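All remarks here apply to the structure that follows.
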Amino acid sequence: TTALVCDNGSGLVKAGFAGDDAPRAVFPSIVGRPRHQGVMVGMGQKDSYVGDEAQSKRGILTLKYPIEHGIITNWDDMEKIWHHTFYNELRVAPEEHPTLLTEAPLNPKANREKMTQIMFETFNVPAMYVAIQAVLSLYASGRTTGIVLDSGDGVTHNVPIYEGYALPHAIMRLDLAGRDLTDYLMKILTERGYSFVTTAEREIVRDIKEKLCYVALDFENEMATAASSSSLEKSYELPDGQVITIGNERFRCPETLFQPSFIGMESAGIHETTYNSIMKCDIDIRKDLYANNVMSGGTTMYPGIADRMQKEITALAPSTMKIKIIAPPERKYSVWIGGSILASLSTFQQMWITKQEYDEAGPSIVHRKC
Amino acid sequence: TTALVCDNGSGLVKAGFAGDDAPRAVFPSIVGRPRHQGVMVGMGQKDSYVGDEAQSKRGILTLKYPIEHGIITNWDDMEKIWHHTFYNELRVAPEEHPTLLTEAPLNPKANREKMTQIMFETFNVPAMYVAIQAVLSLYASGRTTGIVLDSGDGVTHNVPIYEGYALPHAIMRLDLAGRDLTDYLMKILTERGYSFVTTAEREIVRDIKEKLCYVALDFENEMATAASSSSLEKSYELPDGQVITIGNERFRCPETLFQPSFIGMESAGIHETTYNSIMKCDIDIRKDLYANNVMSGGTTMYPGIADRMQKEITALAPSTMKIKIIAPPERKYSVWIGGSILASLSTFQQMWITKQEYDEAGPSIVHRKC
Amino acid sequence: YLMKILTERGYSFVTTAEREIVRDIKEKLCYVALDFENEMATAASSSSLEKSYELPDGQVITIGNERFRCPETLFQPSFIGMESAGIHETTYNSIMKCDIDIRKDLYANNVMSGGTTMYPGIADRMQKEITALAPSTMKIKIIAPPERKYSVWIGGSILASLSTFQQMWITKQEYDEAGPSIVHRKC
Amino acid sequence: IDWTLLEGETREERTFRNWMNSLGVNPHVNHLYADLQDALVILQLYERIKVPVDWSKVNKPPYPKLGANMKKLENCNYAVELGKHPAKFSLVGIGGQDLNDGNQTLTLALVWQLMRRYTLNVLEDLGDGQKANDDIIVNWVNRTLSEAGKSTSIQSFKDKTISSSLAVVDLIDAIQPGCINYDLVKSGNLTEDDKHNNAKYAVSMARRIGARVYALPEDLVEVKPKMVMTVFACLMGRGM
Ligand SMILES: Nc1ncnc2c1ncn2[C@@H]1O[C@H](COP(=O)(O)OP(=O)(O)O)[C@@H](O)[C@H]1O
Ligand SMILES: Nc1ncnc2c1ncn2[C@@H]1O[C@H](COP(=O)(O)OP(=O)(O)O)[C@@H](O)[C@H]1O
Ligand SMILES: Nc1ncnc2c1ncn2[C@@H]1O[C@H](COP(=O)(O)OP(=O)(O)O)[C@@H](O)[C@H]1O
Ligand SMILES: [Mg+2]
Ligand SMILES: [Mg+2]
């Protein structure tokens, strides 16, 4: 009938139908289990909480993410989220819809193979496909040339594409994304005396990060600005009514994207990783890659992150090239939007991994067809 | 019915209609094929890139020349260039036009036989003819006496003609031309740290050839001038914005024409090859040949090439002859220009190889009629 | 490239200290396949090519297919995105650029040196690949001494101990006059 | 009918553009390298040259804002595919993305072969079968004009007497006596400039009777022999 587009990120699940312009279901990719003692009869019958109900009852739960750094680490909890996606949030029978799934590059091969076997044997989909997330972000931009910087909850990765051809040797992947920024904001919030330890309190710090944090155009003068004045101070009200104030941690947290040494990592920032990915490409295609730096994912939604990238790559570029970052306001769903474009094309209808092909080749068919 | 004049050399294709004074289509004779992985649907459909498009998208292609040293080495890719020439660049049906083709002297006989078979059995031309390039370059100058130095991309050859009579025993041929100067410039550019390896980077070095290289009048004083001062230094901007500087390789690259031992060849330079061809001619026609040295082809376009041939031959000549180099500004199309002159003559209309003659004698007809 | 293809099994090495671990894995477990397409079919069926390696922290990683796919980049540089030809074709192309009279003696003396020529099966593969490119009446002979890793040093101690070499040094007096450019004349 | 000269446009592109509009494509082609990029006009011209087009494989001009370029790129891939196998054109090195990008050389490499096929079909339905000839159609006009009787008779298409449109307007009313209309015709008092007006005066009514003439008036004022024969070939079909 119609195809399902499911983008399983580390943090959020984006699901919907091919041909729409926005996902129908966006809920956190968590599973919660009660950690206290049930005393009222008839109220402890529920063994697990999955979607937004795991988030609303998080005070009495321990929260687990099945996906970490793009790799599915819990396969029983992943089937819970897929059951929640198909039957509760989209309310469709998966046996009638081909399903399009997404994955990051440079990812273990058993990950792609297991989600193929899950969809065919547990959910019994007629066909499926696994696409690369950065390729789909280029579909959403209406482009066939450009280097994509995708930064979500688990993985930051770069994929150069020129005229619809990918250069895999230039694909660069960094395991630094939003969940690592949230954990660093927790670590530096203790400097002002605010302590967040519980997995439920980690969801609070993520809410603080998405509201008050921003990228400084020049990091060393924001530090001098915040040291002398209090014009960067901002307040946040906790769920119990307490009020916390941060002035310096607002831009020290996203600065880990450009200085990964803040969290003790030896890697280079996202500006140098993009430039190094371009310099691994043929000298003829570099001018077009400099002019199409496509941004994607929720970790690129900080205020002032495209101004900071445009300034940092310009300092590394040969001063004759013109640098252009395309950061659309719909960045958070570019991977999903591009997936619904791809699954709607009639030229794509012969590239599904049909169940017939899976029955004769097994779960390894996904490596040849994707 | 207007005749077609296709002067396809090792480097470029020159095509047009007999009667015009300049070729209508001048594109590189290359065929590119994608070397990378196609990821976006609807973009991997093109299997071959032929004309200037292969030059536009060379970043993702491996570029092959179907012609090497005047000899067609890839007959499947040579038909692509001819199909592109007739249908895309000229937009004529070959079944209605006699086609004039060119070829270098002392060339394998199967090359001329097989390009006669292609023209009759694949393109189904009404008539065709194969002409020697150095003879056509003499029509273009409006002469009937002279010795032609033809230097293109693959072959350098000398042909002496007197009163419209060729002296075949004095015909010279040197397999050292523009392409071998490109490969020498790539090799000596690494002395400054500039590395060009791929087939797409050879096109960048050829571009540096045609814009910055010149012929030294006296090689040993230019070498001492460039060593002391810095006035011969020049800069060039690569496609990605990097700036390279060369000061000494400008005149050492074309010096290989006069000292073929720079690339490990035992042959003599072009100045001693044209002189050896004169000394193989009858003593009575030598004075006329000394005063008509006709240069043609792109490799004769270096600044100072004609003043150096004048000086070098004068040192070998008997000091009472007067040496005259004829280097018209339209040198690059003399072979094509002279072929449009020849195909326009009414005297020539009985010299075509018609299809009826080919149907009774096969491809060998070209050996007796041309 | 071994680091890049180790992530297919879930082994992530990203730091400059972890690159020294991958170098150690390469030198101990990698080998050149005589026929690449048959070894790929062999590893895809059984697990007799699998081997284990213990990391400095005690973790044990297993590779079965990356063992010969890593040195295969020498013969197929397109694995790492390069357009160049393999070391067997580059060696053959160097011979074909030489005088036709000296090619028979070059075919019979193919000398390898350096650490990257120390993979098990590298000389058998070069022997087989050049033979397929040679005119079938020549004799291809690869010379791979067990002391390959120090051939450049060993030959430099032979050269520097010769008495005829003692006039080929660039002395300090020569450098004091011509400057650092003296090295281009004497060497 | 539009007869105007653009600032930059070669005579080859004017002939192709005029042939498209005079053939009845649903949009009005104003720029060749800007109106063919969705391949809808090209797919329409395939029907005019007896090439079957499966319209279930074509994306209709209402395009979603998301993935519109991929929708148009699929159309260009179908147009190039139909040119190779069933149309038997020679399209070497041409893909769908060349039409979609508006490549000037490779767009003209396809449209000139469409026009050649269209003219070839005009020259074959005039006869019984697979015969196409020029001197059969030149004495036809010299014969059908004797029914009324007028001093207009040409030897071939290269004659300079058809420099003015007096010879073609002499034939335009022989088939249809209801289009006499010699009000604006000129005879004997014509310069080089004023015969452009009657050339348009003659070509314009050819579509009124039913002769689908796709030649420019400039192709008639001068004696371009390949386009003037199309005018008489298109007039024969309306006549007989
Ligand atoms: N406006 C925002 N500012 C800063 N961070 C944000 C914003 N919106 C979302 N994020 C972060 O982005 C991450 C989710 O991004 P997303 O692309 O949905 O991840 P995934 O690819 O795993 O679904 C979360 O870690 C969240 O904290
Ligand atoms: N201005 C220039 N200066 C020096 N060399 C040139 C110049 N223009 C073209 N060339 C050389 O001319 C060659 C092509 O010449 P051409 O006469 O077309 O050869 P062919 O007859 O083989 O096609 C190229 O290899 C290029 O290096
Ligand atoms: N047994 C082995 N098998 C495979 N590779 C090896 C082996 N021993 C050394 N190498 C590789 O060869 C290189 C040895 O360095 P060497 O040959 O001395 O190079 P260089 O001359 O540049 O110093 C190292 O990079 C190492 O990775
Ligand atoms: Mg994501
Ligand atoms: Mg030539």
Side-chain angles (χ1 to χ4, degrees), chain A residues 3-29 65 67-72 81-82 85 89-90 98-107 111-112 115 128-144 146-161 164 166 171-175 177-179 270 274 292-302 305-306 325-345 348 370, chain B residues 39-41, chain D residues 65-67 70:
Chain A
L4 300 174
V5 178
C6 187
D7 181 13
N8 298 119
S10 292
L12 295 165
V13 178
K14 274 82 59 183
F17 296 87
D20 301 7
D21 63 358
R24 181 160 316 182
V26 178
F27 60 95
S29 187
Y65 285 92
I67 297 170
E68 183 178 1
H69 298 304
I71 307 148
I72 305 182
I81 288 182
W82 278 326
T85 289
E89 287 269 352
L90 295 182
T99 309
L100 172 74
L101 306 169
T102 75
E103 206 200 28
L106 295 166
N107 205 3
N111 195 70
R112 189 187 297 249
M115 67 166 78
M128 66 153 306
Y129 192 77
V130 187
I132 307 298
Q133 287 156 10
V135 178
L136 295 176
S137 296
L138 215 59
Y139 278 112
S141 58
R143 276 167 174 86
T144 49
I147 175 163
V148 181
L149 178 64
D150 194 15
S151 192
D153 202 60
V155 175
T156 306
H157 63 263
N158 266 318
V159 173
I161 295 168
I171 285 171
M172 293 177 71
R173 152 161 186 165
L174 177 68
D175 275 347
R179 197 177 300 168
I270 52 166
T274 298
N292 305 112
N293 302 288
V294 176
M295 272 185 154
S296 182
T299 314
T300 62
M301 307 288 306
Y302 295 92
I305 194 169
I325 296 89
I326 296 90
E330 61 270 37
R331 257 169 303 177
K332 287 196 68 196
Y333 308 112
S334 294
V335 175
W336 191 93
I337 285 156
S340 71
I341 286 162
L342 177 67
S344 292
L345 301 168
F348 180 73
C370 309
Chain B
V39 290
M40 314 198 57
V41 305
Chain D
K65 277 74 69 177
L66 281 179
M70 311 305 300

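When reading the values below, keep in mind they use all heavy atoms of this one structure, side chains included, and skip hydrogens, waters and symmetry mates. Chain naming here is simple, since letters A, B, ... match the order of the sequence lines and numbering starts at 1 in each.
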Check: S10(A) side chain, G70(A) main-chain N or O, donor-acceptor pair, under 3.5 Å: yes
Are any side-chain N or O atoms of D153(A) and backbone N or O atoms of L12(A), one a donor and one an acceptor, separated by less than 3.5 Å? no
If I take atom CD1 from residue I161(A) and atom CE from residue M40(B), how far apart are they, to the nearest 0.5 angstrom? 6.0 Å
Quick one: does any side-chain atom of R112(A) pair with a main-chain N or O of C370(A) as donor and acceptor, under 3.5 Å? no
Pairwise side-chain contact, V5(A) with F17(A), heavy-atom cut-off 4.5 Å (strictly under): no
So, does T99(A) use its side chain to make a donor-acceptor pair with the main chain of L4(A) at under 3.5 Å? no
To the nearest 0.5 Å, what is the distance between CG (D7(A)) and CH2 (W336(A))? 10.0 Å
When rounded to the nearest 0.5 Å, the distance separating CG of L101(A) from CE of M115(A) is 6.0 Å
In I171(A), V294(A), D150(A), the residue satisfying side chain to side chain contact (heavy atoms under 4.5 Å, CB included) with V159(A) is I171(A)
How far does CD1 of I132(A) sit from OG of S137(A), to the nearest 0.5 angstrom? 11.5 Å
Filter on salt bridge (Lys or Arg N to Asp or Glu O under 4.0 Å), then keep only pairs touching residues 18-28 of chain A, sequence neighbours left out; what's left? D20(A)-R24(A)
I need the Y139(A) OH to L342(A) CG distance, nearest 0.5 Å. 5.0 Å
Across all chains, not counting sequence neighbours, the side chain to side chain contact (heavy atoms under 4.5 Å, CB included) partners of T300(A) are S151(A), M295(A), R331(A)
Taking the side chain from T299(A) and the backbone from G152(A), do they hold a donor-acceptor pair closer than 3.5 Å? yes
Note, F27(A) side chain near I81(A) side chain (heavy atom, < 4.5 Å): yes
Any donor and acceptor pair, going by atom type alone, linking the side chain of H69(A) with main-chain N or O of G154(A) inside 3.5 Å? yes
Euclidean distance, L149(A) CG relative to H157(A) NE2, rounded to 0.5 Å: 8.5 Å
Residue set satisfying salt bridge (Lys or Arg N to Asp or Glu O under 4.0 Å) with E89(A), at least two apart, ordered chain then number -> none
